[PDB]
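Each of the two blocks below gives one form of the same protein chain as structure tokens; they are labelled structure 1 and structure 2.
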Structure 1
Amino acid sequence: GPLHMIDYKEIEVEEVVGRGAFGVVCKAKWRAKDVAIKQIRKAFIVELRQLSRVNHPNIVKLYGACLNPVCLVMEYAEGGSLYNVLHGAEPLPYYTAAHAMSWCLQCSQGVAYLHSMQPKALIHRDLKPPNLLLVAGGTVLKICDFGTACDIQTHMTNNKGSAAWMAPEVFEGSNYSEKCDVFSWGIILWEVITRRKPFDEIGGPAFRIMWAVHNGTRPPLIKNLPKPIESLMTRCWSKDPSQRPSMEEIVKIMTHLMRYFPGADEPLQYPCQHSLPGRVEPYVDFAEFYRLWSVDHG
């Protein structure tokens, strides 16, 4: 994995866009290109090595590192976090079923890559919309890993944590595999389809959500959701990791559903005035899906 050595003189820092845990992410410029830089010593060696080994369109690009001061240099995500597109400050952008399905397809392709690496696979173990970034007018999605928490107080048991998207076996303290990322992906699918924060009904501190998920609570089912999308979604939620699909299988299934979801290449340009009403209604609209389905199967 080749990598550019960067003299800190060449960087011109523009703004700060994330301060949590083990560094401060910042917008900057470098040889024309807009870049994102994370300033910090220990695990940096492992991350820098991993972040150079990866080469996939749906995982964020590493241009290189500056060894003094010790910081990563990567492509800037103009579109920002998916979380911020979904639930950020107003005005939030309008999006479609096709966008929602494409973002989950793209995320799954990135994760399938991570799980297929050799000799050992990379397990992300922290997939959630804050670590999913958007580019190309919101059309393209790239996985990253900010790693938002460490201290139990002002991180892991709060809104800057990740218990809503976490697999039971991880927070349970049991052994886990790459199937933990499949659970997370299942939750993200529900999230983009509904534009609801998962387990916002429960809330409180994170241990309340962990308690509910450990007993078997899942996000509510979605009204009028196609059965194949509901099958794939609810399988990823499975308590037993053995019953969850592989990311390889998800990529195949999703790749073929996109036939019934044209228009994902349309960039995010229209505004939205979003307000929230057993089951729950989707934000996106599945009417054209059923229409195109009927034509193929009829």
Structure 2
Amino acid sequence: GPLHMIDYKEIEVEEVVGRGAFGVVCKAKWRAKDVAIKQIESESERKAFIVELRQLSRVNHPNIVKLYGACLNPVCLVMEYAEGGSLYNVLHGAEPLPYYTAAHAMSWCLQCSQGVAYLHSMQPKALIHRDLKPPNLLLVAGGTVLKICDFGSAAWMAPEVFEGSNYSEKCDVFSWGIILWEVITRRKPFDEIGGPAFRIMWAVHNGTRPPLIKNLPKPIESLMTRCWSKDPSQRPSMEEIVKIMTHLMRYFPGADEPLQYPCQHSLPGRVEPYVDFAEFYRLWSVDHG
């Protein structure tokens, strides 16, 4: 149904959970649901939320954060709270960081692709995320369920977008490619390059891509490298990514295992994965030969 108008009086505001470019976000209770609220800061975002009300209204998917509605004083969005916080944080946050498995990596990436596929399939205007990256991917259910919100980005942006060439939903497929590499290696993409953003843009615009991964199963490598293609039209669609990923999950059982084990973690042409593919090659062997 459409989005609610909400009395700010009905909202008990607890801690701040994230101050960044987006603005500020806080935990809260509302009709005793846990919620996250974000003040809309500007006249700028206030306005584009408002042109898109019919579309935001219509989004509903398990891997997209539920938008409950908005208050009008102060103007703020009211949203599903994700106790787990960002994927970026799970991957690269402050010690102590959690252990996770290849199965988790693939699952997260599958869930991301399900949510995005849905936005691409919206009728009649396909929603394109344009900013898909681990800081906008949030986790619940002990780290096992991933949810896109917000339906230095340079390291996940497709060259045609920063290049200013008019773009499609394929830009999201590029981002997802990078995300897949990121969760598998537990490395920040293009961290070696850093400097400022334009150094990355320049590099990527020149065909530079994250390093290949030792011993990555070939089908996952093919998918990943196909998502990274310069030519958007050579990238798969998300609908296709979803079905490949869904079918690979047979070889990555245990993704429903909540994060809980600790990890002390550090980094060495090519890179080792963080996750281990041995159980995959085993289960894969049983099926084939």
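Take the two forms, find the largest set of C-alpha atoms that superpose within 1.5 Å, and that set is the rigid core. Structure 1's sequence is the ruler for residue numbers, which start at 1.
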Rigid-core superposed between structures 1 and 2, candidates 259, 252, 49, 239; the one over the 2 Å C-alpha cutoff or at it is 49
Residue 103: Cα shift between structures 1 and 2 after core superposition, Å, came to 0.1
Cα of residue 19, core superposed, displaced between structures 1 and 2 by (Å) 2.6
